[PDB]
């Protein structure tokens, strides 16, 4: 029937719950539990009606579930659907629907908790690049929307403990494609890069590179969690197979960091290994060829649930 608004009306709590062993409290590190207040009124809301909650800068929900129910006392008065932004968009949403239990008489209240990770960058995609300027370390204000009607809360974010002068890698799962997105940023040559090679290959036949979905570029500095803030182009040659992706670059400018990121499929996405190529000759003669191998593991999923109170009137 109608498309109601203002159901989610309060941002009660936004608290971190380290999913795995991350050594900092960042928005890009799971899991952040958003507790939101909701209220449905039978007099003004009818079964079938629909409401969206729009959540900017939220990458995905760190749960295997595809929906969460608004449940006041073992009873379900609405079903909500998770729509992760991932790499498709900069925001995620909750598309909900009123259940047939919400009769004119019934008024349901309560809270819902939502395991969410933010997108503070991670690839050259327009999506991550915009979302890479969404938060900064320290005290931040996070705002969700319900159709013109906003709910906000303050939260403290910590920067990364990894020193941004060395080589930097990260990884992040994309469930809607069964793909893991990984990143590689060469060590910092403060005055620019003369030459260099950089990439990553699979190890022992479990990893494959999605050649179609690569990004290669240079970043003018980085954001607080060691992710690219912008992707320009520069002078490289590109070799890419389903086995592994490598570039040989030249003629870099001071203040810029070269990076390469790509979609992959590994057998067990919560345990895999990659081999990284690493030469760089700085603007300064410091030629050094330092390849390595890095193992990548899993996150600890959480649950979305709700509780509530009902008033039969």
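Positions refer to the first chain, counted from 1.
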Per the record, averaged over C-alpha atoms, which has the higher B-factor: 203 to 211 or 139 to 147? 203 to 211
Mean Cα B-factor check, 237 to 245 vs 215 to 223, entry values; winner is 237 to 245
Identify, among 288, 29, 65, 39, the residue whose C-alpha carries the highest B-factor in the deposited PDB entry. 288
Place residue 157 in the lowest, middle or highest third of its chain's C-alpha B-factors, as listed in the PDB entry. middle
Of the three thirds of Cα B-factor ranks in this chain, residue 278 occupies the highest
Using only modelled residues of the chain, where does the Cα B factor of residue 24 rank: lowest third, middle third or highest third? lowest
For residue 89, the third of its chain by CA B-factor is the middle
Ranked C-alpha temperature factor of residue 299 among modelled chain residues, by third: middle
